[PDB]
Structures are given as C-alpha cells and as structure tokens.
Asker: 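Provided herewith is a single structure, encoded as structure tokens, for subsequent inquiry.
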There are 2 protein chains.
Amino acid sequence: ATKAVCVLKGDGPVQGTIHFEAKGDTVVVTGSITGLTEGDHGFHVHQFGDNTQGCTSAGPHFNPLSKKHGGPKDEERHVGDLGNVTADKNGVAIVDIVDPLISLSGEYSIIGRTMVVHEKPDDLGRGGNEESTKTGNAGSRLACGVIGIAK
Amino acid sequence: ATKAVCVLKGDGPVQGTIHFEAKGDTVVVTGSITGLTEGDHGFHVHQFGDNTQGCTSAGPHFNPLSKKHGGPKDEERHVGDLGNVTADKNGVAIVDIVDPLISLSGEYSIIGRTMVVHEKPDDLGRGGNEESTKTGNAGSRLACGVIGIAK
Ligand SMILES: [Ca+2]
Ligand SMILES: [Ca+2]
Ligand SMILES: [Cu+2]
Ligand SMILES: [Cu+2]
Ligand SMILES: [Zn+2]
Ligand SMILES: [Zn+2]
C-alpha cells in the first residue's frame, strides 16, 4: 500500500478528506478540512480505527514506541503526532504535511487507524501540564475517519 | 492486528457494526446489520477503503488472486466474497461467518478496505451472465465502512 485516504466526519460541521501517499521514506499528507474555527487544530493519528463510539473509540495517539507527546519535528513524539492544522477565517484548513515517522506499511502503518482533527491547537508537549505531554491539550475530537487503502 | 471493526453506514437506513477476530488460523466475522429488506443481501469486502464517493469509491471485490466471483465455499471466488447475510422480517441480519481467505495481516489483509452490504442477493457467481462473475448481481451498495483496527 502506497496510497491511503481518510474522510473526516464528526457530530458537527467539521468535515474533510485527507490523502496520504508514500514518497520515499516519508508519507505526504494532503487534503483540506472545513467547518473549523480559524486557528490551529491538533491533527493526530489515533491508535484504533474503531468508530463505534464516534471519535472516542479511536483511542490515544498512535505511539508504538511509547514516547511522549511532541510535535512533528521532535524526536520524542508519538508516531501519530502530526501537530496542527490551521483553519483560516472561513474555517478552511489546507493540509500539506510530509512526515517520516508515519507509514503506509509495516509496523508504523497507519492504515486501519483513525485521523482526528481537534477542537483546540496542539500545545506540542510544551504546555507545562502533564496533559500536555499526553495529548498537547488539543481537547475534543471534532471529526475523525478510518484511514483506508486508496487506489 | 488480531481484531478489526467496521461501522457500516449508507445514504439510507442500513447500518451495522461488523467485528472481525483472528481466532487460530482463521478469521471470524460477527455483528449485525439493521434496516435491510427481508431476505439475502450480498456481503463483500471491496478493494479500497475509500469512502470519498460513498460506497462507490470502494472499488470492486477485493481479489488479490484474480479470480472470478463465487460464493464463500467455492474455490473460484474473490477473497472479498463473503456470500449473503440474511435479514429477518424486521430487517435484522445477524452476521456469523468463518472465512479461510480473508486475514487481518499480510497479503490477504482486509484492514483498510471496505465492507459493503448490497441491495440484492449475491448469486454466488452462478447467474449465467458476465455480471454474475464480477459481482454476483448483488446490485447497489446500501451501506459500507472502512475496516479498522480494534482494541
Ligand atoms: Ca475541549
Ligand atoms: Ca440494486
Ligand atoms: Cu489527537
Ligand atoms: Cu460487493
Ligand atoms: Zn501525541
Ligand atoms: Zn466477488
């Protein structure tokens, strides 16, 4: 698997489509998210692709290596920590991330896992609260989708 | 992954939750689907876990061995051919299937692919037209979901 897609939906107006593509040793994540409050929103891969209880059943961030919550460029970060997406005034967040830790195959494969867009910005583990080292204080999960294999 | 789950949703009333568990060397599929018309409905694993155009974007049946469509008991069948599920008079179908071809890891893995419940009965590759050898004449996709990793 070299391509993947996620359709984000929640109990509200947030909705979006993320495309993943394996390019070399990185995964290029693109797509757009809408219905967002302008600003930064925590954007993470949660461990389970279980949507039976909304985004709630997606579990914690995907952290196969048992590291602490960080931002994408940190070394001490969860595999799922893709930091933040930014909604403009109109509520539109354009996603364009290149990540070397997430994968479409193997052990860090995120296929079958959940992409979650959060209510608040990810504090990147630099919040000076324990909550920050676990989730980045991104709060509630607005929309989420299971990452599936794409053509 | 030893457990997977799929939440089926469509444009109509058909919905359900399907659980998959690797038990021994096989995969047990259980769950229930409601909102269906009484009678048989094709139930297949489609190739892509792409819900960008509803269930249409799931692609054809998952068929890594390039075979024609058949019933779950046939030698000549697609890996995604799980036959029919049967809805009682209240539109409830209880799913209980053990399948030797699907898997939750490796080449036959259905993680990240789409579970689809169809409008009509799957003719198990025996209807006698070309469409039977491709889809079993199961018709349109009532509900579908991306198969994700469960805890
Ligand atoms: Ca909150
Ligand atoms: Ca039909
Ligand atoms: Cu998160
Ligand atoms: Cu089908
Ligand atoms: Zn994290
Ligand atoms: Zn088939």
Side-chain angles (χ1 to χ4, degrees), chain A residues 1-5 49 105 111-112 146 148-151, chain B residues 1 4-6 8 10 14 16 18-23 25-31 33 36 39-52 54-86 93 95-148:
Chain A
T2 66
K3 293 227 207 179
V5 64
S105 51
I111 297 296
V146 182
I149 290 159
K151 191 163 198 189
Chain B
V5 64
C6 184
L8 302 169
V14 177
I18 307 295
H19 290 285
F20 300 82
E21 188 171 335
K23 278 180 13 180
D25 293 306
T26 195
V27 176
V28 190
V29 185
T30 49
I33 307 171
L36 286 168
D40 287 351
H41 291 271
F43 185 60
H44 306 138
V45 186
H46 285 239
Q47 192 172 0
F48 305 115
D50 187 330
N51 184 224
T52 65
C55 309
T56 304
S57 40
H61 296 163
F62 173 44
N63 187 20
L65 294 167
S66 306
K67 289 193 184 187
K68 279 165 169 202
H69 182 80
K73 305 312 166 190
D74 296 326
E75 164 64 26
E76 186 77 8
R77 57 173 265 200
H78 298 139
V79 171
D81 292 340
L82 304 180
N84 285 299
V85 291
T86 304
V95 183
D96 190 71
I97 291 167
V98 179
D99 198 73
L101 295 188
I102 58 177
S103 76
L104 299 182
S105 48
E107 192 196 329
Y108 295 95
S109 186
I110 57 173
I111 296 293
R113 306 195 183 269
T114 297
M115 201 60 229
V116 175
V117 59
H118 291 266
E119 185 169 38
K120 309 249 186 226
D122 179 339
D123 71 14
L124 320 173
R126 291 161 176 83
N129 53 6
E130 185 183 22
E131 186 67 36
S132 194
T133 77
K134 296 183 110 70
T135 64
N137 283 297
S140 75
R141 304 179 189 195
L142 301 175
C144 55
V146 181
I147 298 162

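Quick note: numbers below take in every heavy atom, side chains included, and nothing from hydrogens, waters or symmetry partners. A, B, ... follow the sequence lines: proteins, then strands. Residue 1 opens every chain.
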Asker: Could you check whether the rings of B/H61 and B/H46 sit parallel, tilted or perpendicular, using 30° and 60° as the cut-offs?
Answerer: perpendicular
Asker: Taking only residues two or more places apart in sequence or in another chain, which ones pass side chain to side chain contact (heavy atoms under 4.5 Å, CB included) with B/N137?
Answerer: B/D123, B/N129, B/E131, B/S132
Asker: Kindly compute the distance separating CZ (B/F20) from CD1 (B/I97), expressed to the nearest 0.5 Å.
Answerer: 8.5 Å
Asker: Taking atom CG of B/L82 and atom CD1 of B/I102, what is their separation to the nearest 0.5 Å?
Answerer: 5.0 Å
Asker: Restricting to salt bridge (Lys or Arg N to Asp or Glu O under 4.0 Å), what partner residues turn up for B/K120, sequence neighbours left out?
Answerer: none
Asker: Looking at B/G54 and B/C144, what are the two nearest heavy atoms and their distance?
Answerer: C-SG, 4.2 Å
Asker: For the residue pair B/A4 and B/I111, what are the closest heavy atoms and their distance?
Answerer: CB-CD1, 3.3 Å
Asker: Short question: side chain of B/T86, backbone of B/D40 - any donor-acceptor pair under 3.5 Å?
Answerer: no
Asker: Where do B/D122 and B/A138 come nearest, in terms of heavy atoms and distance?
Answerer: CA-CB, 4.1 Å
Asker: Calculate, to the nearest 0.5 Å, the distance between atoms NZ and OG1 belonging to A/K151 and A/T2 respectively.
Answerer: 13.0 Å
Asker: To check you understand the geometry: which heavy-atom pair defines the closest contact between B/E107 and B/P64, and what is its length?
Answerer: OE2-CB, 3.6 Å
Asker: Compare all side-chain heavy atoms of B/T30 with those of B/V95 and state whether any distance is below 4.5 angstrom.
Answerer: no
Asker: For the atom pair CE (B/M115) and CZ (B/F43), what is the distance rounded to the nearest 0.5 Å?
Answerer: 3.5 Å
Asker: Closest approach of B/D50 and A/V5, non-hydrogen atoms and distance?
Answerer: CA-CG1, 3.6 Å
Asker: Set out, in order, the CA-CA distance, both residues' side-chain angles and the distance that settles side-chain contact (heavy atoms from CB on, under 4.5 Å) for B/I147 and A/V146, then state yes or no.
Answerer: CA-CA 8 Å; B/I147 298 162; A/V146 182; over 6 Å; no
Asker: Could I get the full list of side chain to side chain contact (heavy atoms under 4.5 Å, CB included) partners for B/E130, not counting sequence neighbours?
Answerer: B/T133, B/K134
Asker: How long is the span from the CD1 atom in B/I18 to the CG atom in B/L8, to the nearest 0.5 Å?
Answerer: 5.0 Å
Asker: In chain order, what residues pass the salt bridge (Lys or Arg N to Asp or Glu O under 4.0 Å) check against B/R113, with sequence neighbours excluded?
Answerer: none
Asker: With side-chain contact (heavy atoms from CB on, under 4.5 Å) as the criterion, how do B/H41 and B/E119 come out once you've worked through the C-alpha distance, each side chain's angles and the decisive distance to 0.1 Å?
Answerer: CA-CA 6 Å; B/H41 291 271; B/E119 185 169 38; 5.6 Å; no
Asker: Applying side chain to side chain contact (heavy atoms under 4.5 Å, CB included), can you list everything that pairs with B/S105, at least two apart in sequence or on another chain?
Answerer: none
Asker: Exactly one of B/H44, B/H69, B/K67, B/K68 should register a side chain to side chain donor-acceptor pair (under 3.5 Å) with B/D81. Which one does?
Answerer: B/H69
Asker: In Å, rounded to the nearest 0.5 Å, how long is the span from CG of B/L65 to CZ of B/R77?
Answerer: 10.0 Å
Asker: Among B/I110, B/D99, B/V116, B/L101, whose side chain to side chain contact (heavy atoms under 4.5 Å, CB included) with B/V45 holds?
Answerer: B/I110
Asker: How close do B/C55 and B/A143 get, heavy atom to heavy atom, and via which atoms?
Answerer: SG-C, 3.8 Å
Asker: Please name all residues satisfying side chain to side chain contact (heavy atoms under 4.5 Å, CB included) with A/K3, sequence neighbours left out, ordered by chain then number.
Answerer: A/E21, A/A150
